[PDB]
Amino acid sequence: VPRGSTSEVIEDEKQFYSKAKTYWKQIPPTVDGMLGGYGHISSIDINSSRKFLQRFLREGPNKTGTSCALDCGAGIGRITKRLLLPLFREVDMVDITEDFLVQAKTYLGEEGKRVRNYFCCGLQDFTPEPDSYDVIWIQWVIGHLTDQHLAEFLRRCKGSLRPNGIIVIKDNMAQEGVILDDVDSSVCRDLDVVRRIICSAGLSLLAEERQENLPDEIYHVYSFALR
């Protein structure tokens, strides 16, 4: 029987969060650090994310705005730099690892002057301002929250969307069940589990896409656009 919830795999919630914090504190503040030794795939990832996002920026009744985005688990700002800053007047970043947000100021260069808030906080403790973001981008971090905290965070994100705003989740997906990585202190969930959590948060899918052109050996990666 596969596991369907983080409560089947997390022995101790406080340790699940504390171990993850310690893990990221000792990762280099680099693109390769952000991507776990896969820094080389960054351009494939960004190109796909851009195409995915552009579907929502077309003119019409439901056009997503371009005033402000929120990058969640932003790290040093890989996605902020190459995807979001070019498309959004301002960007806010949130990440648990202070050293990454310090590095971001260097990494982002002159364009980083348009990063407005650098929030150093776990997502589980973060309440984004109501009616503030056109796009909330959550990439390669949902596995660091419990199911309850992920559901709650998505509810809070829903409340922070501007009219026509969207949440995007892009992350590793398990073939089946909920799989603990006890080294980085994270889980990988199957598509059914993730969809269940999204539904629990009062959100709906606008689109879902598998990331192509990745190394064969890694977990599959999917993008979801939600409102």
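Quick note: we count residues from 1 along the sequence shown, nothing fancier. We call the rigid core whatever largest set of C-alpha positions still superposes within 1.5 Å between the two forms.
Superposition on the core shows that, in 8 other deposited structures of this protein, the C-alpha atoms drift more in one of 154 to 162 and 198 to 206; this is 198 to 206. Higher mean CA temperature factor between 139 to 147 and 86 to 94: 86 to 94, per the PDB entry. 106 to 114 and 120 to 128 differ in mean CA B-factor, and the higher of the two is recorded for 106 to 114. Per the deposited coordinates, the residue with the largest Cα temperature factor out of 64, 54, 160, 185 is 54. When the CA B factors of the chain's modelled residues are split into thirds, the value for residue 170 lands in the lowest one. The entry lists a Cα temperature factor for residue 203 that places it in the lowest third of the chain's modelled residues.
Sorting the modelled residues of the chain by their CA temperature factor places residue 49 in the lowest third.
Ranked by C-alpha B-factor against the other modelled residues of its chain, residue 34 falls in the middle third. Sort the modelled residues of the chain by CA B factor and residue 178 lands in the middle third.
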